[PDB]
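> Experimental coordinates for this protein are included below, preceded by the sequence.
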Amino acid sequence: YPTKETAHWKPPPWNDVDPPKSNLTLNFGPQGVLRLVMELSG
Amino acid sequence: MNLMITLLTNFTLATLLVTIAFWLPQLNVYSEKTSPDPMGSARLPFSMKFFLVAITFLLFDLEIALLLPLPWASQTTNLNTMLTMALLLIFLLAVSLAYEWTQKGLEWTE
Amino acid sequence: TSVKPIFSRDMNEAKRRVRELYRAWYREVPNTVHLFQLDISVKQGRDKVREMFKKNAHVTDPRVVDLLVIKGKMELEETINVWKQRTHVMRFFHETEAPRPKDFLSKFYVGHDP
Amino acid sequence: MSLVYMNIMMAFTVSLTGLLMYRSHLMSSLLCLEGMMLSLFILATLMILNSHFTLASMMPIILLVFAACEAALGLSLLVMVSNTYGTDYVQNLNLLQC
Amino acid sequence: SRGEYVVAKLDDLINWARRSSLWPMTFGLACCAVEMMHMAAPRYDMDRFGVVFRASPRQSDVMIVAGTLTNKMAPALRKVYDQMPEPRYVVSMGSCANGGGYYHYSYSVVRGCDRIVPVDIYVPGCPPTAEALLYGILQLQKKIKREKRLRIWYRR
Amino acid sequence: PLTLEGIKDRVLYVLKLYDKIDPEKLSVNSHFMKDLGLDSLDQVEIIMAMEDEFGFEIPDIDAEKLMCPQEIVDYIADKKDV
Ligand code: SF4
């Protein structure tokens, strides 16, 4: 029985799975000398 | 009472040295600084592995909490039961360690 | 007169690449003013983008404007990735430079240059 | 009864009403739950020491250990919610309204 | 007066403590880094003067610019100098830090680190020897010894 | 996206937020290049304002043929139902 309150409720997924909706970037700068841009995954 | 005096003296000396370290160079009038990190502005990435080693610490620390009355427990007159349950608690800590091992829970912080 | 192209066969594909590059710079400018915490406005940075595009608007060679789009994408890639500092972004705005004499008379007054 | 028991019960009810009135964070709910557990530890401990009931002295340690294990489980649930939405906000846990 | 004597003794105390515990942040830019490492090596041993080996930049007292400052690293030098707490000092080691040096007429080289940071000691050489750099650090200590902070404060 | 009239009203609202177009001469059939006298990049930032308001990516091969607000509202009417 949809009312005005329950007028935006969509049904759940058929497999009950909702979509989940990155990795670290470190700039080891000059602070010899060298700059490094790391893309780390942990 | 002597312990409360000692804790208060240690806390008072620590707070005194912290106040001195935070307000002795404030008397200097050096300059006002403007000054406009490896990560640029990125959000702190969660790592599951640090949380796993922290929970593994907590669980083995609860097993340690069970193990702590053993020097008093050895004084009992039910020594066969005491020895069986002592070896059983250390064995269950070992089995928790082995299950954490063999299911790759101790990996990349091994 | 028959030369090897770079990306564009003629000026239409070339102007398309120029147009996509202007779109990408226009989208990037507010993020640049935010994360570098520049002291300019988004209108002012977009006017500098428009100035840098309209400076090269007299070019009629497809290979030259291909290389201009290549170098503009290199500038944008060095700006999105934080490879420039604030200094490299603000070198487009010649702020510490005194205004040059533009007419004949003040160039006569200050020195020998034409 | 004893005057300290009033304060330990009142602390349990304060941590109860904190646990029964969320603001945003699931971690604040877990902290209120562990404040409840701490007050239970203190109250059980003061009774068992007060009564000289010797064999129940192992009781609060057990009351610690299990519940701290429970706390560990709760932290893992928070992390899984934090691995879904980025935060631990309880208003992100509303998919089961429909 | 009495206050003049007290600020004289206190300036002597704080200048003794600052010069006798100098902590360097060394920019290992170019060949002068090797000779700084020889000034830290066991023949010369900066640490016997209280000059520690590789303090972190947020707690260092002097910034030793040892090598060529290129244009691509001039804001990095300026940023590290801005992050140093006061009293900070800057020693310019060798000819490229001093005036550009062998790369003075280059398109890519800052002609002396004094265009970017204020410089207290200029140590000349290509590279200046580790004994010459240690001489420059002792001259910096003598410059700190004759500072008159509290005396000028008492006269202002 | 609902009614074509609201889409035309919102196109005109976007183009009167645009500060180089004089709102007096601005009509729905007004040409950007020869009537209002705009640069190509002015039309490009117009189309990106349309992308900001209408919320979909307009490609380049069909944004170059949007030379009046009527062409813009017809293009958005093509990319949706109405
Ligand atoms: S002053 Fe000369 S020797 Fe020294 S670092 Fe520079 S190039 Fe090398």
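Yes, it's here. Numbers count the residues shown, from 1 in each chain, chains lettered A, B, ... in the order given.
> For the rest of this, base every contact and every neighbour count on C-alpha atoms.
Noted.
> if I look at the closest residue to chain B within chain F, how far off is residue F:46?
Closest to chain B within chain F is residue F:52: 24.9 Å, counting by Cα to the nearest Cα. Here residue F:52 is placed at a distance of 10 Å from residue F:46 (Cα to Cα, to the nearest Å).
> The two - which one has more neighbours?
residue F:46 (19 against 12; other Cα atoms under 10 Å in any protein chain shown).
> Surely the more buried one is in contact with residue F:15?
Yes: counting by Cα atoms under 8 Å, residue F:46 does reach residue F:15; the two are 7.3 Å apart.
> can the longest helix along chain C be found next to chain F?
Longest helix in chain C by number of residues (criterion: DSSP state H): helix C:11-35. Yes: interface with chain F: helix C:11-35 contributes C:16, C:19-20, C:22-23, C:26 (Cα under 8 Å from any Cα of the partner chain).
> Remind me what the following helix or strand past that helix packs against, helices and strands.
Proceeding N to C from helix C:11-35, the next assigned helix or strand is helix C:42-55, under DSSP states H and E. Packing partners of helix C:42-55 (3 or more Cα pairs under 8 Å, 6 or more residues apart in numbering or on different chains; DSSP states H and E): helix C:11-35.
> do the helix it packs on and chain A meet?
No: residues of helix C:11-35 are not located near chain A by Cα under 8 Å from any Cα, the shortest gap being 14.8 Å.
> Pull the distance from that helix to the chain's centre.
Counting by Cα atoms, centre = their mean, to the nearest Å, helix C:11-35 is centred 10 Å from the centre of its parent chain.
> Which residues belonging to it are considered buried?
By 16 or more other Cα atoms under 10 Å in any protein chain shown, the buried positions in helix C:11-35 come out as C:11, C:14-15, C:17-23, C:25-26, C:28-30, C:32-33.
> what do you get for stretch B:97-106?
Residues of stretch B:97-106 classed as buried by neighbour count (16+ other Cα under 10 Å): B:100, B:105-106.
> Please list the residues of chain E that sit near the ligand.
Residues of chain E lying close to the ligand by Cα under 6 Å from any ligand atom are E:30-32, E:67-68, E:94-96, E:126-127.
> ok, now with 8 Å
Residues of chain E found near the ligand (Cα under 8 Å from any ligand atom) are E:29-33, E:66-68, E:93-98, E:100-103, E:124-128.
> so which strand or helix has the residue of chain A at minimum distance from the ligand?
In chain A, the residue that lies nearest the ligand is residue A:32 (10.6 Å; Cα to the nearest ligand atom). Per DSSP H and E: residue A:32 is located in neither a helix nor a strand.
> Could you say whether residue F:27 sits in a helix, a strand or coil?
Secondary structure for residue F:27, judged by DSSP: H, G, I helix; E, B strand; the rest coil, is coil.
> Skipping its backbone neighbours, what lies nearest it in space?
Once flanking residues are discounted, residue F:27 sits nearest to residue F:69: 7.6 Å by Cα to Cα, 6 or more residues apart in numbering or on different chains.
> tell me the centre residue of chain B?
residue B:57 (8.2 Å; Cα atoms, centre = their mean).
> Regarding that one, what is its secondary structure?
With three-state DSSP as the criterion, residue B:57 reads helix.
> and it, how far is that from chain F?
Look at residue B:57 and chain F: by Cα to the nearest Cα, to the nearest Å, they are 49 Å apart.
> same check, this time on residue C:28
In this view, residue C:28 and chain F are 12 Å apart by Cα to the nearest Cα.
> mind listing what that residue touches?
Listed by Cα atoms under 8 Å, 6 or more residues apart in numbering or on different chains, the contact set of residue C:28 reads residue C:80.
> And for the one 3 residues further on?
Residue C:31 makes contact with no residue under the criterion Cα under 8 Å, 6+ apart.
> near chain A, which residues of chain D?
Counting by Cα under 8 Å from any Cα, the residues of chain D near chain A are D:84, D:98.
> Can you give me the buried ones in the lengthiest helix in chain D?
Secondary structure of chain D read by DSSP H shows that its longest helix is helix D:58-85. For helix D:58-85, the buried set under the neighbour-count rule, 16+ other Cα under 10 Å, comprises D:60-62, D:64-65, D:67-68, D:71-72, D:74-76, D:78-79, D:81-82.
> wait, does that helix make contact with chain B?
Yes: if you take Cα under 8 Å from any Cα as the test, helix D:58-85 does meet chain B, through D:61, D:65, D:68-69, D:72, D:83.
> Now stretch B:49-67 - C-alpha only, PDB.
What follows is stretch B:49-67, C-alpha atoms only, in PDB (Å, rounded to 0.1, in the frame of the first residue of the first chain):
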ATOM      1  CA  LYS B  49      46.000  -5.200   7.300                       C
ATOM      2  CA  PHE B  50      46.700  -2.700  10.100                       C
ATOM      3  CA  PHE B  51      43.200  -3.400  11.400                       C
ATOM      4  CA  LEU B  52      43.800  -7.100  11.200                       C
ATOM      5  CA  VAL B  53      47.000  -6.900  13.200                       C
ATOM      6  CA  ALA B  54      45.300  -4.700  15.800                       C
ATOM      7  CA  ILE B  55      42.400  -7.100  16.300                       C
ATOM      8  CA  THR B  56      44.900 -10.000  16.400                       C
ATOM      9  CA  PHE B  57      46.600  -8.100  19.200                       C
ATOM     10  CA  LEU B  58      43.300  -7.700  21.000                       C
ATOM     11  CA  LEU B  59      42.400 -11.400  20.700                       C
ATOM     12  CA  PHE B  60      45.800 -12.600  21.800                       C
ATOM     13  CA  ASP B  61      45.800 -10.000  24.600                       C
ATOM     14  CA  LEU B  62      42.500 -11.500  25.900                       C
ATOM     15  CA  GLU B  63      44.200 -14.900  25.800                       C
ATOM     16  CA  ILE B  64      47.100 -13.300  27.700                       C
ATOM     17  CA  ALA B  65      44.500 -12.000  30.300                       C
ATOM     18  CA  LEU B  66      43.400 -15.600  30.800                       C
ATOM     19  CA  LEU B  67      47.100 -16.600  31.100                       C
END
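> What are the buried residues along that stretch?
Within stretch B:49-67, the residues that count as buried by 16+ other Cα under 10 Å are B:49, B:52-53, B:55-56, B:58-60, B:62-63, B:66-67.
> May I see the residues you listed organised as CSV, with distance to chain D added?
Output for these, formatted as CSV (distance: Cα to the nearest Cα, whole Å):
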residue, distance to chain D
B:49, 12
B:52, 9
B:53, 12
B:55, 6
B:56, 9
B:58, 7
B:59, 7
B:60, 10
B:62, 6
B:63, 8
B:66, 8
B:67, 11
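> Tell me if residue E:25 really is in a strand.
Yes: under three-state DSSP, residue E:25 falls within a strand.
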